[PDB]
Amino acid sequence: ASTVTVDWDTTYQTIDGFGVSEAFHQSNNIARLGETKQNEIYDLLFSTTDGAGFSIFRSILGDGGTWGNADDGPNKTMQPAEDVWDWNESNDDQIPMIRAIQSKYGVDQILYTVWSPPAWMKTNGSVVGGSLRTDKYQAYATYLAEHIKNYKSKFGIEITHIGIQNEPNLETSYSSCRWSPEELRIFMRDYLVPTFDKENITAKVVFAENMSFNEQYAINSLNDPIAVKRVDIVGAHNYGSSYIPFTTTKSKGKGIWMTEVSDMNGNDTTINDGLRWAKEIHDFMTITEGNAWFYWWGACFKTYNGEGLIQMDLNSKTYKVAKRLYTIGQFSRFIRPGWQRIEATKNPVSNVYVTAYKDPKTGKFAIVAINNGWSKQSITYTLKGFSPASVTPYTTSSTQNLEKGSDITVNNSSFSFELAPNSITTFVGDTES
């Protein structure tokens, strides 16, 4: 017997969308399952009618590394030497998947994150670990600008977002490059900003995606008068951290993208893990009020952890869809790019968390309610400032996967629905007709 009040006229941040990644040969592992299962995986990830409807696609900028193998390894870089450019589309094994999802599903937000600059730019001469040489800052600035221009002029792919560095705090056993927040400001102020201005780059910069979810790596660039001009989006991951406000980022009026999170420690594919990531979306939208939220892989060959929404077995050429694909789909399928979060009772009762969104251009709306508790909860939703005739519920539980339910009549801007325990329900409706 709890009440949720959804206000139509109290709005918050604009949602840029949701996405996943297929970096490190995982885009080719989808094709290795055959054309039939490949289209099924594309449909489960990007379809807005029977899939998660992800609107952003995250890829890796080829660095030319020699680590890993064909199942999980790096791609060739378009600039293997300082004096050699190699615009061979076969170097990027993610291009065929991008062309397919952009044509069939209209996914028009392309983000390429740089895990590491080429080995000839690094202080250790390798894409694994190390840092960017200070005498190579201009080379890496041109490296980023030439990639955005030629991916359009040579390959016909419009790169809308560029990630300057993936986890600048960490040196890994794979493609990685360590940065300090001061070195990032020097790179932005003295190199990236003048180069991107000179090349007329219109792609938005996703700032160095910190492993932990904080803005500490972007504070220096945000407070610099020249660097702040192209800190369009402050990117960050949520590995081992929690969702917190970004004070300096919000003061500068920039965007916040949570570009990667997954379960590298456990292997839970049930509704319990699915509600963990739905709760992470709710926390990302209410406390930080960010704009975009990503998972790590959409489909990967790792069947032993939760690094991907779809676990593919390359031996038997089969895949298994975890519950987290549908729980995240409770947000991603309906909340399209350009939507706007509106006010809603964020915690009406114990273990129930609600957010509300709307499309300012069409009048459509969506109310996502989570119930990660053990008890059934009857919730009465009062719609303040808008009076639709009905809403359509979509529920994901231990026995349901984004399942559409019977329409619920809205009587005098109010409707009721009992949330099953360990479930998530999204109510979709339209105010214009």
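Numbers for residues come from their place in the sequence shown, where the first is 1.
**Student:** Once you work out the mean C-alpha B-factor for both 18 to 26 and 412 to 420 from the entry, which is higher?
**Tutor:** Comparing 412 to 420 with 18 to 26, the higher average CA B-factor belongs to 412 to 420.
**Student:** Out of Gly73, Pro360, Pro168, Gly308, which residue has the highest Cα temperature factor in the PDB record?
**Tutor:** Of the options given, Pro360 has the highest CA B-factor in the PDB entry.
**Student:** From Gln400, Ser55, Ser59, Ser390, pick the one with the largest CA B-factor in the entry?
**Tutor:** Comparing C-alpha B-factors across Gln400, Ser55, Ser59, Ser390, the top value belongs to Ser390.
**Student:** Looking at the temperature factor on the CA atom of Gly65, which third of the chain's modelled residues does it land in?
**Tutor:** Within its chain, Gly65 is a lowest-third residue by C-alpha B-factor, going by the deposited values.
**Student:** Looking at the C-alpha B-factor of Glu82, is it in the lowest, middle or highest third of its chain?
**Tutor:** Lowest third.
**Student:** What third of the chain does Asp43 rank in for C-alpha temperature factor, lowest, middle or highest?
**Tutor:** It falls in the middle third of the chain.
**Student:** Lowest, middle or highest third: where is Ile201 by C-alpha B factor in its chain?
**Tutor:** Middle third.
**Student:** Pull the Cα B-factor of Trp120 out of the PDB entry and bin it into the chain's lowest, middle or highest third.
**Tutor:** It belongs to the middle third of the chain when residues are ordered by C-alpha B-factor.
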